[PDB]
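**Q** sequence, then structure. It's an experimental one.
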There are 2 protein chains.
Amino acid sequence: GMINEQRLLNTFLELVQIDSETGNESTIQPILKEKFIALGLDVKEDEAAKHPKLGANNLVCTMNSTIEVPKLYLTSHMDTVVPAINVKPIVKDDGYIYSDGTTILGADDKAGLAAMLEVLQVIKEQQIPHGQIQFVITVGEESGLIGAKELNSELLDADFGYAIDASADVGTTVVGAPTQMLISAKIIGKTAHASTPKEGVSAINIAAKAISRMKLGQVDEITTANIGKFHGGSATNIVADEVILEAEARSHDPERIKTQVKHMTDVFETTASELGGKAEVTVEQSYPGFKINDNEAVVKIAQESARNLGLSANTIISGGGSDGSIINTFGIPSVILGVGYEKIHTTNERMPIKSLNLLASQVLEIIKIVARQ
Amino acid sequence: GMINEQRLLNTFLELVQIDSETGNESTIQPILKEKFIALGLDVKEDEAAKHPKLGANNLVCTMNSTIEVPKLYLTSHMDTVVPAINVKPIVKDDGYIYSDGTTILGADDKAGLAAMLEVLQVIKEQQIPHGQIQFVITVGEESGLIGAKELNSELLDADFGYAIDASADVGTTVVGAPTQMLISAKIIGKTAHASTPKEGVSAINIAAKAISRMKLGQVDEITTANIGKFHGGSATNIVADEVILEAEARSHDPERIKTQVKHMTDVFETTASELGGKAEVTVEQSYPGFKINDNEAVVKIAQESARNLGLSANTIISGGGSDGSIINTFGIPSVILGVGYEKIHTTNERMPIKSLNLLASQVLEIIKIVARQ
Ligand SMILES: [Ca+2]
Ligand SMILES: [Ca+2]
Ligand SMILES: [Ca+2]
Ligand SMILES: [Ca+2]
Ligand SMILES: [Ca+2]
Ligand SMILES: [Zn+2]
Ligand SMILES: [Zn+2]
């Protein structure tokens, strides 16, 4: 075929053996920079390292057009979740790459990086004509898309592109994603001895009553909410005067997320006030939602590339975020390609070899389709 | 007049400055033993020190009759709550003894001990006739009446007596105290990503809903219940699969405490099961309740002693336990005398000097009244 399977596997295995836990990207980043320079790209850094939760700058690597056709970008993230120091990957007879059980594999997202490096090597050695391609390697994706948020957008020059970073089968494309917001609550009551409970106001009882009347779980077909953490109270014989709650909400409609966050806020505040306490609520947007139209070129090209390789060509809506959630806010239409990694963020993480081969073949195919528009 | 007020004050100050945080009674215990022996008492020790939460044995100190009249016992506890290392008491012009604000005072319960020692010294030096009196000095009262629970009851020989350890004005007598039970619940759900909440079952939602269904606070006129601790969940983006609740219940009716604890147990178990989780509920009796009939000799002698000293002579019901709650289970009618200590278990704890004088005078009067019967 086109891609070198043996080389792609070796690249992937090399990459997972470079320690890059999120916020500690300073080892992997110079190595990736030098690899993309070695492949003939002009590699530029932004100033993301200045952020105190990030260990190196983002990389924006540009390959000149050798044809005019559309300007493409591709993105993967160089960081992994914890624990991912000294990953010892094992290729098995079942056709899956595993960790040894002591770490994550870091297929999320070094499969995406291995796929990008293999494709450039294939393009070089076969002189495949192509348009302009940007390879955007981010830091801190696993700390809440922080590299993407600190990205110098003037370094980008693209009509559309692809985040190689969806939890879906290879050939499935994520065409929309939700807005996510964090909602935290501090519920204050009044301390008393537990024998004289009329002298106090229990923040545990207020928080429990609030939660019991709150729209939570699958709030509707396109909206979710979850209380992740509930902590409060020091002793059985004391009326609890403080509870801390940490929650989230997600929706694919911006008006529904607004209503849901206001709802949670108001339920906490008015339940606490009714029972003689008070609620301090604070909110933070993690990322904004998007939906790319089904007839946009970026979608149809993704689908054609899947069809050409005998894959589903399905388009789905994700339950969460990626760097494409942020890059979409720059006005560059972006969809998220299935990588086919499994059990990510756990020490059982694994990568099917056939999926790595197809992903690499798909990214090549996308570049060729864009090159013939 | 009869109690030596300065000597009483000096004895109190001496005792508070000997560290006896609960479980670390090993230093104060032999110091107290020598004081009781030097005042002419036969002192016996049990084997409470073998208990791994207790640092010394209880002391049972017996004073033979110099008359036949009823056999009395008096009890105080030698331990204090934390923080009570390096207590630096201050006697102020407003008529109160304070700490320096970095520790508790330990008026609870060294006011009781001081009162006892002074009364013994007045009896000795004035040759006041008396019946048999036992002075029962416990350890671990502040760890849940643990020394009283380890007490060798065959060392006791009394018709009735008094725990000098109530949060009430001097001349007020506690004639009843409730049953307290601890109830703890581990609520288990099922983990899932917060974007797909139907795949999981939130233990936070279950635990909150259970609490909203439950009778809590002032359950009725003589029954209380409190959720003191509520802890669960690790992250906003994960459906929480575990919550630990720690609760209590109290009642002056031993059947209503059982009904309440069954009610709480049943609501946890049925709510968990309904919503697809489970509830593990464990119960422990901290201490049993009692109520001494108001016409009993022990109550009438406490009230008479109070009236003789110009004090209210009220009888109340307490909100909590004491060593008297345990000693009553041995069949020795016991009521709890108001000590007049204030803001106990806090670094603002204080002792009115006038209350200390009246308490020592009251204990002396009770011994005299018993000696006439
Ligand atoms: Ca930094
Ligand atoms: Ca990830
Ligand atoms: Ca679709
Ligand atoms: Ca011991
Ligand atoms: Ca106490
Ligand atoms: Zn990823
Ligand atoms: Zn006490």
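**A** Yep, it's here. Residues are numbered from 1 along each chain as shown, chains lettered A, B, ... in the order given. Ligands and ions are numbered 1, 2, ... in the order given.
**Q** residues contacting the nearest residue to residue A:188 once chain neighbours are set aside?
**A** Closest residue to residue A:188 apart from its sequence neighbours, by C-beta to C-beta, 6 or more residues apart in numbering or on different chains: residue A:278 at 5.2 Å. The way it works is simple: take the backbone N, C-alpha and C, and place the C-beta from them, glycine included. By C-beta atoms under 8 Å, 6 or more residues apart in numbering or on different chains, the contact list for residue A:278 reads A:187-188, A:269, A:272.
**Q** also residue A:132?
**A** A:62-65, A:71-72, A:157-158.
**Q** same check, this time on residue A:45
**A** So residue A:45 contacts A:33, A:57-60 (C-beta under 8 Å, 6+ apart).
**Q** so which of those residues is the most crowded?
**A** Within these, residue A:58 tops the neighbour count with 28 neighbours, counted by other C-beta atoms under 10 Å in any protein chain shown.
**Q** now which of the contacts of residue A:278 would you call buried?
**A** A:187, A:269, A:272 (16 or more other C-beta atoms under 10 Å in any protein chain shown).
**Q** which of the three states applies to the first one?
**A** Three-state secondary structure (criterion: DSSP: H, G, I helix; E, B strand; the rest coil) places residue A:187 in strand.
**Q** beta partners of it?
**A** residue A:243, residue A:279 (DSSP bridges).
**Q** what sits against it?
**A** A:203, A:206-207, A:210, A:232, A:242-243, A:245, A:268, A:272, A:277-279.
**Q** next one: the last one
**A** With contact taken as C-beta under 8 Å, 6+ apart, residue A:272 is in contact with A:187-188, A:203, A:206, A:210, A:278-279.
**Q** was I right to think residue A:71 contacts residue A:156?
**A** No. Using C-beta atoms under 8 Å, residue A:71 is not in contact with residue A:156; the gap is 9.5 Å.
**Q** now list whatever residues contact both of these two.
**A** If you check residue A:71 and residue A:156 against C-beta under 8 Å, 6+ apart, the residues they both contact are residue A:134.
**Q** the residue sitting nearest the centre point of chain A and ligand 1, how far apart?
**A** Against the mean C-alpha coordinate of chain A, by C-alpha atoms, centre = their mean, the closest residue is residue A:322 at 3.0 Å. For residue A:322, the distance to ligand 1 equals 22 Å [C-beta to the ion, to the nearest Å].
**Q** now that residue: how far from residue A:225?
**A** Look at residue A:322 and residue A:225: by C-beta to C-beta, to the nearest Å, they are 21 Å apart.
**Q** if we can go back for a sec, list just the nearest of the contacts of residue A:187 to ligand 6.
**A** Within the contacts of residue A:187, proximity to ligand 6 (C-beta to the ion) peaks at residue A:245, which comes in at 27.9 Å.
**Q** so what's the closest one up against?
**A** Residue A:245 makes contacts with A:184-187, A:207, A:227, A:229-230, A:268, as judged by C-beta under 8 Å, 6+ apart.
**Q** at 6 Å what do you get?
**A** For residue A:245, the contact set (C-beta atoms under 6 Å, 6 or more residues apart in numbering or on different chains) comprises A:185, A:227, A:230.
**Q** right, I'll leave it there.
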